[PDB]
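Before any questions on binding or motion, here is one chain by itself as structure tokens, the form deposited in one PDB entry.
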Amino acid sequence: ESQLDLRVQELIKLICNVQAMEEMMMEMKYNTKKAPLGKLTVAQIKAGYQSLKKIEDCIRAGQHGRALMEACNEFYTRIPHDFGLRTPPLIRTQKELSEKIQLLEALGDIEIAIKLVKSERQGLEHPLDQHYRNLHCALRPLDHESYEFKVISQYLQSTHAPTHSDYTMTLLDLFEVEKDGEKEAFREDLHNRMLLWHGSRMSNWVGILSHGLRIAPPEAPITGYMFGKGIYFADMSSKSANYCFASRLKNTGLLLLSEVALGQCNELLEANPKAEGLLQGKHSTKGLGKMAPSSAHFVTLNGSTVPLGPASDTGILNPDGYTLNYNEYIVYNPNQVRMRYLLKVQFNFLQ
């Protein structure tokens, strides 16, 4: 009938596509036929998180053996995987837990997406306008010659990590973001307000937009989060772009630039999942990397420090294989976040 800007319809179309959701889950080896995503419940997702913590309990307590296999057997029962020919493998490292956490994470935002897309069937509203309404989050496109588009494009290209050399990033569209209740709840008076990157999977963008960026649930095992249950940001565009998991086939992603009020940072050299306890007054955790932009080449876009620049070495040591190659910012309270811009990104793979 009558809708909205053609670039926003293309955004709503991309993120409300459940067919692509049904595929991303099979690439994570989730049996979508045994448990259709339509009949997804927060109770089953909670139950899977609990079983992951059970699995963690056996790992951290050295109780391998059967107690581990009994927990994986429970998790694999309530969260149906599809490896086809072989027995589903055990989960014996934090990498496997942190991978199952993403499955559950994505499986959570798919519940939110299907719930939202299954909402009002109003005859006086084109379907892409109902979804946009149920999002409760403004998405207004910016001119390609606008002040914001120019600095954000430089932010993307100037902070593409040298070690992420398999793709190039091309800004297809820039939307201004405003989630209802985010400005009014923001710690707008805290210092070190920075425009940082965050990237996630496609299925999660109805979640992050309608519900904001969120603290991990209580039922999740804390060993899957290298710095605690917080909202993770990067100052390197490609570091967040990697987390979009853009495919050679599906080479489109969404990057989010948010205002992050960090305040005083509790800078850590090596990951520590109990990092929130080490705050003790400080307002954020800064994962120190060996390569990052420099304070000289920074600018300020509409109130916030934009960490521009080519980026170089930081002098950061702790001789150990977990020396972050690039910096990592964590906040443990959604009030320190204000979603501000959204980028439609085209990944041009080079291999």
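Here the rigid core means the biggest group of C-alpha atoms that line up within 1.5 Å when the two forms are laid on top of each other. Each residue number is its position in the shown sequence, starting from 1. Residues that one form lacks are left out of the comparison.
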query: Stretch with the greater mean C-alpha B-factor as recorded in the entry, comparing 319-327 against 23-31; finding: 319-327
query: Greater mean Cα temperature factor according to the PDB record, 276-284 or 120-128; finding: 120-128
query: Top Cα B factor in the deposited entry, candidates 150, 115, 211, 193; finding: 115
query: Member of 170, 242, 102, 94 with the greatest C-alpha B factor (per the PDB record); finding: 94
query: Chain-wide C-alpha B factor ranking for residue 90, given as lowest, middle or highest third; finding: highest
query: Assigned third (lowest, middle, highest) for the C-alpha B factor of residue 189; finding: lowest
query: Within-chain third of residue 290 by Cα B-factor, per the entry; finding: highest
query: Third of the chain, ranked by Cα B-factor, where residue 222 sits; finding: middle
query: Chain-relative CA temperature factor third for residue 183; finding: middle
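The next section is about a form of this same protein that is not shown, the form deposited in another entry.
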item: Sequence-ordered runs, three or more residues, C-alpha shift 2 Å or more between the shown form and the other one, rigid core; value: 61-65, 319-322
